[PDB]
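J.: Below is one structure. I have some questions about it.
All of this is worked out from the model, or read from it or from the source named; no laboratory instrument gave them. Please note: Cβ atoms are built from the backbone with ideal geometry, for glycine as well, and neighbour counts cover all protein chains shown.
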Amino acid sequence: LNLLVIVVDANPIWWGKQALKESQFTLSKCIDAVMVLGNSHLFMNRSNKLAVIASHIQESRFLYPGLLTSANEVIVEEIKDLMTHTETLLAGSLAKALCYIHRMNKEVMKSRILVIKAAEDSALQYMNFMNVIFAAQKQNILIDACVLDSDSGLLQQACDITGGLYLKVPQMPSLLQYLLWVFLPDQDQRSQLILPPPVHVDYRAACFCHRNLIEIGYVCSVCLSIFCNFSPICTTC
Amino acid sequence: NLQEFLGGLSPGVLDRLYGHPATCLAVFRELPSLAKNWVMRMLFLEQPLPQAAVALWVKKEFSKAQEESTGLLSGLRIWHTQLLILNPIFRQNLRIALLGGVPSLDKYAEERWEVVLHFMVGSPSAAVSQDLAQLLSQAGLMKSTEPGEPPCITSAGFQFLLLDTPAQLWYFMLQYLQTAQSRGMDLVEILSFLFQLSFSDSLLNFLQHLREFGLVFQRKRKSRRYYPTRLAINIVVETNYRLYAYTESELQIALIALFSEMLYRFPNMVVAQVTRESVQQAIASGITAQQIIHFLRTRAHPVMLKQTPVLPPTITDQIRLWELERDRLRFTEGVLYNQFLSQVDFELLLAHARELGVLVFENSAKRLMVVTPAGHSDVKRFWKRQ
Amino acid sequence: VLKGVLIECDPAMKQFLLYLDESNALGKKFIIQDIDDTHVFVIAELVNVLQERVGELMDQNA
Amino acid sequence: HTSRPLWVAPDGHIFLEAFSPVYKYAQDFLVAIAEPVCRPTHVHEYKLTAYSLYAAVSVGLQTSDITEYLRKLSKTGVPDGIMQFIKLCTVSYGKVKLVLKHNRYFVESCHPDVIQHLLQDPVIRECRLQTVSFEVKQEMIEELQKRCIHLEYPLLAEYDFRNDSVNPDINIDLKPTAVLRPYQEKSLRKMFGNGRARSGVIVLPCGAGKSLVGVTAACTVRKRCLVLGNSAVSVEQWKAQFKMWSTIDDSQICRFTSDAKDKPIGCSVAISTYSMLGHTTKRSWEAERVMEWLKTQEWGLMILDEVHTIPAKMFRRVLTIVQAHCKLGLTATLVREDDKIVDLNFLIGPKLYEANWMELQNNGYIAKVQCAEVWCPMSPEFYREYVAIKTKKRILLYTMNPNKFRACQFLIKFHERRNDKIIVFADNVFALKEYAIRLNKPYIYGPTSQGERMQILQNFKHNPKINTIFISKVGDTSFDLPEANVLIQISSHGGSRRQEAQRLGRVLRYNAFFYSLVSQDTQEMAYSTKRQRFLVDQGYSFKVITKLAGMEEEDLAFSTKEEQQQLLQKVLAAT
Amino acid sequence: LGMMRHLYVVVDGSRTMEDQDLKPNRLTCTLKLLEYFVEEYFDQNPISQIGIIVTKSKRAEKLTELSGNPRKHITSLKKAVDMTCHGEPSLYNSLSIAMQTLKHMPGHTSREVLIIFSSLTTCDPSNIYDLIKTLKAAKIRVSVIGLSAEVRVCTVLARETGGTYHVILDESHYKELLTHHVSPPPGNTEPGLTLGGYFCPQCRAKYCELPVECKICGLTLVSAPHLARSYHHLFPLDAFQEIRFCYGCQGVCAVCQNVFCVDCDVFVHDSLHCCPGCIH
Ligand SMILES: [Zn+2]
Ligand SMILES: [Zn+2]
Ligand SMILES: [Zn+2]
Ligand SMILES: [Zn+2]
Ligand SMILES: [Zn+2]
């Protein structure tokens, strides 16, 4: 019961940028917020499961699989190994995340995924990002999310198609208090508690040739591919 | 129960009880639904938040779960008012738990535990140990009424046999702790040792008692360090009233034959039948039918544990319906007084009878007041002196 | 003033006790005074020999 | 050890596990060997008997195919009290054969050493008059078949129909319009095993193909069939199921039920009844010239519908009047009191196929029935007189219970608002009138007519206004009751577990669900557990409804005690 | 895969809609399954339309105009339970009203009429057989679902214009007939994506939480995740050849060369619809 996957944006370009920005919030003070919430999910019930996936460039390793002192030394060893094509790939980890939930749901449970995104949203993966959302929606897997700097457009739709929450934190070093308040309760306790409402939903579509975000565009009628302001012919069919 | 035992205690022992990793994690592990959320929220706080904001953190629907949570949460004295900061003896040690500051194992654990449960039935391999024989009787599940060569089993002892494996272990330890106040040691070090086992000089004597039920293991006759077992963590039923149990152990056979009758016995499988005339033989001692369905719901086969609701509902109500045959005619005894010529004086005798709690049943036709014979001595004192 | 105890049961089962009153199967004054169609006052000595008469009637239609 | 899902008991009892991966290849083995006793959803329980192994070796498996595949599906090891029993009851099968040829009955043996053993019994010497044969009398063929079982040399009735060259092979052909379900294909495969027809008893539900198997067996042997039945209504169904699925003209399908007589001399299929062929009084002249024709022609595939009435005293004399090679028996409820179903193992033969009543429900061939034994408390005025008398007048008291009258009126109202077809089966015909006129409902009282019996039954099916009907002991057979949806059975016969498997036959012809009204704390409580004793051995679960879903809130009859006092004075005035 | 559709639903409103042999009102059991039909139509077909026409007393009255509004239809079928339904219906007046608007749609779509028809008689003031030459010319596809009998017009109206004629066994067959009318048979529109809550970019008009078109400027406003489910049918993922430690769950692709187990293999093609190695 209550398997919680944490997908941490372990992009070394943005964290190394803030490591030289002197904003008093490095990667080390963020994995500590993952590790404490990792340790705090294993306290609210006897039979609770944890998974941590780190989103790196071109690869994505599982952190925690490969009492809590046997969990925290694995995570600090893998982060010390992973951090030693300059855009993160959050969609490749959520495809790995739904595979791990589908395996642990076969060996028996309600589950949820909590994403801590730290980089800008790449629009180049809109074809594959929406597929892992509709796979998550048909298995009742919530996709919660907290961002650190800017509102990710693709990630807001994941929390409202599936049914999770979306909270942009105001401050970086106050992250650990925010995680416990709004993500540490599970699905049933989330209805009983009061929580901040979703402030904005960002629905757009990507064009097929430009892969640009579009508010007004042309769709084909047979193959249903949305195009930008051309309408010359149907490119796909 | 654990929060039942920890509720009725002094504040002077709970501050000693909150050990370094042990009890602070154990009490927090048993908190109902929302008490775990507030403990987590103000664990890293240092300034106490206002006491009126806590009731505003819950929707107006499911507000009744709030007061039963914080009543238990303030019942164990985790916070106080203070003007709701947590106890610094509890907030510190719980934050230590958030990273601050063997095939011979299980087979020994089950075999050493069945020989205690074999003592509550007929067996030649009785747990010959004079400490446990007086321990089970003062807990109230072994009737003696004699020094005796055999010890008998009371009505509560049959109810102990069909409990779950962890749930019957907690009922034993609470009656170990309630009597150890005047024969053993302090309550604090024995209870913190059990919770530390789940993850002084008097403690080896307590360890030599856990050696006999089976929760530790020595292997060299009381060496320096021990090794905990799997016990120290804290059969199909069909439509035609026939149960096929796959257990070959003699303990599980005598538990099934308490409330059923058997008709074959293969190796590794025993088929019995839940008849009407055998359930009535169980409730005659009193093993009442809610414990019967609870005994079959825990111990079940994986093929029973499928997409259907387990213990199918035509046999579970039938055991409840066979319980209600004992119930028809209830034996509640009383006494009677009647025969007043006036139609008013018995109505004045109502106001002298309801306030003590003696009246059993009221009739307004012939003015028939029935009271208990234990309370008949005081109601007549008003009648002869007016 | 009279000495006698109470018994409460189903009204269908209650008339079986009134049948045992006027048939002299167990005693003579086995019911002292009928108070209600759901509660019955019996004498205190025959409360146990009554129990196997009910337990046979529940087993006569097993 | 975790596989091989059996437990061969040392007396004989086979506990099959219906959750094993090899269950389907072990349930298609134990049907051909043993007979089912109880079949819940988890652990079945078959049973080895003497007659069940004669049906085993009649199919192509020999004595070494059974005794080896028991070891490979054992879980225990066969207990050596079954190796002595399987070997004893399989090597003594094909030694004494009963064959008829041109209106003479012959006991035949290929081994002459058993005829020198057979001809010293003083009862087989009464029925008299390599290849050793001696002719036996036809009228003592029942007392012969008891004796051959009595000394363990049983008779086989394997009609070898492929080449006989004496019978006029007719043109009955099964047309490609009736495709038969995969349980009907398995029952006929066990019957026509080695290419020769076999005389057995096939137990299929009436909502299943109880009659399509009989037609398909008639198109398979292709000889002069003869269909029997329990009633004159049941032969106008058997006439309709032959025209529907077999392409026969009306000049060959005849009848012998004293009203039609469609030239019954010289036909190919005769559909008659019991108590017409065994009518032991002076017959009419039209029936006398047919019975003189029917007593002298060797048939093939007599079809005996409703087999469980054959071991009666007058219905078992039919099997000595009519000479048939093989005798198929189709039934639905094989259970019957007085212990004469084991007597049926030599009148017809071994039990061939029993359908799994829960496998047909999980595949959609049978409606999912939700049995519910709702029992009603007794009124305190009626129980006053119930315990005072013992001589049969209290049967009216637990039948005309006012608190049972409310639960009948409530369950009728609760299913008329769901547009459900209600049938109220109710015996004890005095309380049929007093139930059906206080609710203004039609009733087939039983001595009504043949006329208004046919239009009350037709106003029930093709009319969405008339919704209930109050039958009384009429629908205890395979009648044309038109696809009911609930069945509020009230106060039927005593312990007839044949009856409540024929009342259940109306329902499966939740989707549909039937009740059973019981007046509690009376003698009907002991009766209504005797009649579920057959249905819990098929998988059905009988719930208990102690209190209905809001009975006191509607406008129910017998509210006051003044209107309840008048009903007891109506019941007690009968005496 | 499929095409756009402009379906009309003609609902009979005759005297024979008061008949039994169905849930309480024959009319009511029709309108019950139609509300189920509008939901499953708009779910599998994202950018299609529904009109609903009701014929009553020798005249046809348009109940809902032709628009892709999956809320305005169901909130109007709930109102029409209390209809009078007196008189004999028509079929010339109802197919012509479904032709004055459905003819002017662009030719890249699949214009359709669906007649749910309980009465036996179509008293209409002209010849029906000239519409069936006109409807066949305008490439409409008229299909009838009949109740209790088979009429000669509804066979020749169906087989000439191109639709189907079907008669009801019972209510389990009537739901089966309406279920077969949701699959589309095998251009460039301009819709407006409605980001920011639900507002229109072209005319900046704020309205309700809907996939509906915009009334102020006439633009259609769809939601891009609803369009997104229709993807992965085109260019779906090829299967793997299968002859431990995995790549999906971490406990064989011909593209990215990363092995899978058996749970993962079935999960990739069933629900995830992408290879977890290929996204990298
Ligand atoms: Zn473009
Ligand atoms: Zn296209
Ligand atoms: Zn607009
Ligand atoms: Zn790949
Ligand atoms: Zn895998």
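J.: For D:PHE346, all conditions in the list (1) among the hydrophobic types (A, V, I, L, M, F, W, C); (2) in contact with a strand residue (DSSP E or B) (Cβ under 8 Å, 6 or more places away or on another chain); (3) under 26 Å from D:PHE29 (Cα atoms) hold save one; what is the number of the exception?
T.: Evaluating D:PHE346 over (1) among the hydrophobic types (A, V, I, L, M, F, W, C); (2) in contact with a strand residue (DSSP E or B) (Cβ under 8 Å, 6 or more places away or on another chain); (3) under 26 Å from D:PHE29 (Cα atoms) leaves (2) as the failure.
J.: Six or more apart or on different chains, Cβ under 9 Å: which pairs go from a residue in region B:26-38 that's buried (at least 19 other Cβ atoms within 10 Å of the Cβ) to one that's assigned to a helix (DSSP H, G or I) and β-branched (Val, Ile, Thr)? Could you list them?
T.: Cβ pairs passing all conditions: B:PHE28/B:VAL39; B:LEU31/B:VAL39; B:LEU34/B:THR70; B:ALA35/B:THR70; B:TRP38/B:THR70.
Yes/no matrix, rows are residues, columns are (1) in the same structural domain as A:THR88 (by CATH); (2) within 16 Å of ligand 5 (Cβ to nearest atom); (3) surrounded by fewer than 16 Cβ atoms within 10 Å (Cβ to Cβ):
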site	(1), (2), (3)
A:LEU165	yes, no, no
A:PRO173	yes, no, yes
A:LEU180	yes, no, no
A:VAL199	no, no, yes
A:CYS209	no, no, yes
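J.: Next question. Inspect all residues belonging to region D:546-569 and state whether any of them is within 10 Å of another protein chain (Cβ to nearest Cβ), closer than 19 Å to D:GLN409 by Cα, under 33 Å from the mean Cα position of the chain (by Cα) and surrounded by fewer than 18 Cβ atoms within 10 Å (Cβ to Cβ).
T.: yes
J.: Within region A:118-237, considering only helices (runs of 4 or more DSSP H) that don't extend past its boundaries, which have at least 1 residues that are within 16 Å of ligand 3 (Cβ to nearest atom), under 30 Å from A:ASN105 (Cα atoms) and at the interface with chain E (Cβ under 7 Å from one of its Cβ atoms)?
T.: none
J.: Ok, one more. Please work out if A:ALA95 is within 16 Å of ligand 5 (Cβ to nearest atom) and either out of contact with any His (no Cβ under 6 Å at 6 or more places or on another chain) or at positive phi (or both).
T.: yes
J.: Here is a further query. Cβ-Cβ below 8 Å, separation at least six or inter-chain, first residue in region D:1-20 and within 9 Å of chain B (Cβ to nearest Cβ), second among the basic types (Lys, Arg) and crowded, with 18+ Cβ neighbours inside 10 Å: which pairs?
T.: Listed by first residue and then by second, the contacts come to D:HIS1/D:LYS75; D:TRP7/D:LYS75.
J.: Here's another thing I want to ask about it. When A:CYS220 is evaluated against the numbered criteria (1) away from ligand 2 (no atom under 16 Å from the Cβ); (2) in contact with a strand residue (DSSP E or B) (Cβ under 8 Å, 6 or more places away or on another chain), which criterion, by number, is the only one it fails?
T.: (1)
J.: Another question about this same structure. Assuming A:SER225 fulfils every condition listed in (1) within 16 Å of ligand 2 (Cβ to nearest atom); (2) more than 30 Å from E:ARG5 (Cβ to Cβ) apart from one, which condition is it?
T.: (2)
J.: Of the numbered conditions (1) within 14 Å of chain A (Cβ to nearest Cβ); (2) buried (at least 17 other Cβ atoms within 10 Å of the Cβ); (3) within 16 Å of ligand 3 (Cβ to nearest atom), E:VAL212 fails exactly one; give the number of that condition.
T.: All conditions are met except number (1).
J.: Determine which member of the set E:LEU178, E:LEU195, E:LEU234, E:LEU227 is outside any strand (DSSP E or B), within 13 Å of another protein chain (Cβ to nearest Cβ) and within 19 Å of the chain's Cα centre (by Cα).
T.: Within the list E:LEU178, E:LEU195, E:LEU234, E:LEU227, the selection yields E:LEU227.
J.: Identify, please: which residue in region D:66-76 is buried (at least 17 other Cβ atoms within 10 Å of the Cβ) and away from chain B (no Cβ under 14 Å) and is, among those, farthest from B:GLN273 (Cα to Cα)?
T.: D:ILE66
J.: Separate question: Taking A:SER221 as meeting all but one of (1) in contact with a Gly (Cβ under 6 Å, 6 or more places away or on another chain); (2) over 15 Å from E:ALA228 (Cα atoms); (3) not assigned by CATH to the domain that holds A:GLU120, write down the number of the exception.
T.: (2)
J.: Taking the stated definitions as given, is B:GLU347 of a type outside the set (A, V, I, L, M), away from chain C (no Cβ under 11 Å), exposed (fewer than 15 other Cβ atoms within 10 Å of the Cβ) and out of contact with any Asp or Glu (no Cβ under 6 Å at 6 or more places or on another chain)?
T.: yes
J.: How many residues, within region C:1-59, are under 10 Å from the mean Cα position of the chain (by Cα) and of a type in the set (S, T, N, Q)?
T.: Number satisfying all stated conditions: 2.
J.: Oh, and also: Can you name the number of the only condition in (1) touching a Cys at 6+ places or on another chain (Cβ under 9 Å); (2) within 16 Å of ligand 2 (Cβ to nearest atom); (3) of a type in the set (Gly, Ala, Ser) that E:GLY277 fails?
T.: Going through (1) touching a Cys at 6+ places or on another chain (Cβ under 9 Å); (2) within 16 Å of ligand 2 (Cβ to nearest atom); (3) of a type in the set (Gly, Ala, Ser) one by one, E:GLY277 breaks only (2).
J.: If I go through region D:522-534 residue by residue, how many of them are within 14 Å of chain B (Cβ to nearest Cβ) and touching a strand residue (DSSP E or B) at 6+ places or on another chain (Cβ under 9 Å)?
T.: 4
J.: On to the next question. Is one or more of the residues making up region E:257-271 part of a loop (DSSP other than H, G, I, E, B), within 16 Å of ligand 3 (Cβ to nearest atom) and surrounded by 13 or more Cβ atoms within 10 Å (Cβ to Cβ)?
T.: Within region E:257-271, not a single residue is part of a loop (DSSP other than H, G, I, E, B), within 16 Å of ligand 3 (Cβ to nearest atom) and surrounded by 13 or more Cβ atoms within 10 Å (Cβ to Cβ).
J.: Take region E:1-30 and flag every residue that is surrounded by 15 or more Cβ atoms within 10 Å (Cβ to Cβ), farther than 17 Å from E:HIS86 by Cβ and within 21 Å of the chain's Cα centre (by Cα).
T.: E:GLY2, E:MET3, E:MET4, E:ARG5, E:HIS6, E:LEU7, E:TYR8, E:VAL9, E:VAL10, E:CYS29
J.: Answer yes or no: is there a residue in region B:328-341 that is acidic (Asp, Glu), part of a loop (DSSP other than H, G, I, E, B), under 40 Å from the mean Cα position of the chain (by Cα) and exposed (fewer than 12 other Cβ atoms within 10 Å of the Cβ).
T.: no
J.: A further question follows. Spot the failing condition for D:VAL507; the list is (1) under 24 Å from the mean Cα position of the chain (by Cα); (2) aliphatic (A, V, I, L, M); (3) within 14 Å of chain B (Cβ to nearest Cβ), and only one is missed.
T.: Result: D:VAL507 fails condition (3) only.
J.: Here are the criteria: (1) part of a loop (DSSP other than H, G, I, E, B); (2) closer than 26 Å to B:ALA167 by Cα; (3) basic (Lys, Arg). Tell me which single one B:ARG320 does not satisfy.
T.: Here B:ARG320 clears every test but (1).
J.: Still on this structure, I have one more. Name the one entry in A:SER221, A:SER174, A:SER191 that is under 24 Å from B:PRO32 (Cα atoms) and away from ligand 4 (no atom under 16 Å from the Cβ).
T.: Exactly one of A:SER221, A:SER174, A:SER191 is under 24 Å from B:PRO32 (Cα atoms) and away from ligand 4 (no atom under 16 Å from the Cβ), namely A:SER191.
J.: May I pose another question? Being assigned to a strand (DSSP E or B) and either buried (at least 21 other Cβ atoms within 10 Å of the Cβ) or more than 14 Å from chain A (Cβ to nearest Cβ) (or both) is the filter here; which residues of region E:102-129 pass it?
T.: E:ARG111, E:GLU112, E:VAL113, E:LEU114, E:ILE115, E:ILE116, E:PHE117
J.: Please specify each residue of region B:273-290 satisfying the condition of being touching a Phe, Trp or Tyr at 6+ places or on another chain (Cβ under 9 Å) and either more than 14 Å from chain C (Cβ to nearest Cβ) or exposed (fewer than 14 other Cβ atoms within 10 Å of the Cβ) (or both).
T.: B:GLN273, B:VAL274, B:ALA282, B:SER285, B:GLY286, B:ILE287, B:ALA289
Here is a yes/no grid of residues against (1) more than 8 Å from every other protein chain (Cβ to nearest Cβ); (2) crowded, with 18+ Cβ neighbours inside 10 Å; (3) of a type in the set (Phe, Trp, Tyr):
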| position | (1), (2), (3) |
| --- | --- |
| C:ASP10 | no, yes, no |
| C:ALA25 | yes, no, no |
| C:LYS29 | yes, no, no |
| C:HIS39 | no, yes, no |
| C:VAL42 | yes, yes, no |
